Amino acid sequence: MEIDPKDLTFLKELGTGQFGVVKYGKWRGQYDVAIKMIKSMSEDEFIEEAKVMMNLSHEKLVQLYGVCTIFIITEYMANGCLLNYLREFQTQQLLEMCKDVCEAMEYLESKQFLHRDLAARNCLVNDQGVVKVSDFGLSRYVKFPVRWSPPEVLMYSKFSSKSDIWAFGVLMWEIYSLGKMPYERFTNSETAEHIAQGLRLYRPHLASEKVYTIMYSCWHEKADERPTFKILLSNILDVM
Amino acid sequence: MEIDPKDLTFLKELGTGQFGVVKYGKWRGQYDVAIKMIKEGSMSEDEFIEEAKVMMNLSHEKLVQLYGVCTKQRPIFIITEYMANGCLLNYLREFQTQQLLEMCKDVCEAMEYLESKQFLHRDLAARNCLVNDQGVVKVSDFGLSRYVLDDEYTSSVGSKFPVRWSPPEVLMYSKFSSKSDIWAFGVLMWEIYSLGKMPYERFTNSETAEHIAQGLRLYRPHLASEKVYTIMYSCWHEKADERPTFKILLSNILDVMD
Ligand SMILES: CC(C)(O)c1ccc2c(c1)[nH]c1c(C(N)=O)ccc(-c3cccc(-n4cnc5ccccc5c4=O)c3F)c12
Ligand SMILES: CC(C)(O)c1ccc2c(c1)[nH]c1c(C(N)=O)ccc(-c3cccc(-n4cnc5ccccc5c4=O)c3F)c12
């Protein structure tokens, strides 16, 4: 659980996010790790949920290795952000990326754990091109995420497994559009108002009819009519 | 430099550019503004934000004024002076020869100012010039192309690169200078005097570079007199050093009007 900082080396800077800088390093002189040096956070509240997060273990989830309490030590993902990877592929590889994320989300759904900010910017890519979900449940300890939010979140702040489903459909669109920003011609407030009245993302060029039916199923105005991640995974597996 | 988005209203869409949708709006409930949304992923934002400090201080009556930026949330916005007659190219296509020379003068005065501040436009063309309610032409989006992430816009061989407004040193070597803006200005004068024809119509982007490499140039528009053509043609010298400066061009334009 607790890692001693004397067992970490702080090498190349990888990038900057909401909580600060993330660096590449070595743990115990041998393992590649990403060290999130938190500047910005309700730390006491995070430290209590970190045990629950340590126990979330799935091959398509970026693994938390430990904490320095502050630093969050995680699995190193050599191809960085999915959004960067998509902007810098065969249709079969794009569906595999959706599958990877869906498997991670079906696991979080099975553990009653909400991501709360699912988007391609929170997905990472390893040296083998496997996509994994990162920063799950971290936003609770902190306008642009309006573009990944269903109407019940925008109007009522009602977060559930069905609000992560909506975000997942937008993520599938981000994958199939090769990293376009969703709702390119609308501001954050306009997105919010226009999706509540029926605006949905268009079908990307690279998405087949069956692929669009799966992402579109995520955007039902009624949360109860949206599928679950078990159903989405099954549908993705049937298409490939 | 920072504008709180609570002080902006985002009204009609004007069009779409390289970075995204441009909207008309109001600032502090009273001032007309253009709000240029920068789609996330389309710009090198950190480098733009540092040059915005320099762009705030570029102030001239024939330059579309930068009023501020909204960078605390994505997508970021660039707030500028509102130009009610929109694009010069649209204005030309929808005039006495004296008014055409006055439009060249307006642009030349803005460019003489950017030249005096060592600031390169990098994408001068009638599509980047705007027209206000009084018919005054102003230069917009100066220095913004340096922050575009799409290589199709940025490389001299790219499909969206402005080859038709570029001198040979830009096309061959990516050498931008005050003299590459001078070349673009001559093409802009031709766009004005031809009433908004696309330069080198019936030439693809790569056939245009070859035409330039053979020492060929845009023909004289029939609305252009001999003296007007000598001014635009002076901008297209194969040698950058032999091209005039904007002070000289302005002086020549002022002499032709007299
Ligand atoms: C070596 C490489 C490929 O340059 C790279 C780059 C970043 C990272 C990287 C490798 N590996 C990780 C890991 C990890 N666990 O290994 C965790 C977080 C980050 C990371 C940290 C901050 C910001 C982003 N970030 C966020 N949004 C973006 C939207 C568009 C384009 C890039 C980014 C973009 O790098 C990050 F990805 C990175
Ligand atoms: C109300 C009116 C006259 O319809 C109008 C229209 C556009 C604009 C406008 C007013 N005012 C501005 C301002 C500003 N600062 O006020 C800045 C940018 C744009 C603008 C934004 C995107 C694309 C173009 N654009 C680009 N190239 C063209 C080639 C041919 C014909 C039209 C266009 C053509 O509108 C734009 F002009 C506009």
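Each residue's number is its place along the chain shown, starting with 1.
Per deposition record, X-ray crystallography, 2.0 Å.
Just so you know, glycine gets a Cβ as well, placed from its N, Cα and C.
Swiss-Prot names A:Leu14, A:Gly15, A:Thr16, A:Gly17, A:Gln18, A:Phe19, A:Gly20, A:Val21, A:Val22 as ATP ligands; from the candidate set A:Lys36, A:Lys51, the record adds A:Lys36 to that same site. Here the candidates are A:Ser110, A:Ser161, A:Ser208, and Swiss-Prot annotates A:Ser208 as phosphoserine. Among A:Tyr107, A:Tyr183, A:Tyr202, the residue that Swiss-Prot annotates as phosphotyrosine is A:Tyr202. Just one residue in A:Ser40, A:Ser189 has phosphoserine written against it in Swiss-Prot, and it is A:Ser189. Looking only at Cα atoms, A:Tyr76 (clofedanol binding site) sits nearest to A:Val22 among the recorded positions A:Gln18, A:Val22, A:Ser189, A:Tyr202. Comparing the recorded positions A:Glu75, A:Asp117 on other C-beta atoms within 10 angstroms of each C-beta gives the minimum for A:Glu75. Here A:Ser189 (phosphoserine) is positioned 35 angstrom away from A:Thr74 (clofedanol binding site), judged by their C-alpha atoms.
Taking A:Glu75, A:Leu138, A:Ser189, A:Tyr202 as the recorded positions under consideration, the smallest Cα distance to A:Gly20 (ATP binding site) is found for A:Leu138.
For ligand 1, none of the recorded positions lies close by, meaning a CB under 6 A from one of its atoms; the full candidate list was A:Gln18, A:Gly20, A:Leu138, A:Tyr202, A:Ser208. Spatially, by CA atoms, the recorded positions A:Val22, A:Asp117, A:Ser189 include one closest to A:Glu75 (clofedanol binding site), and that is A:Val22.
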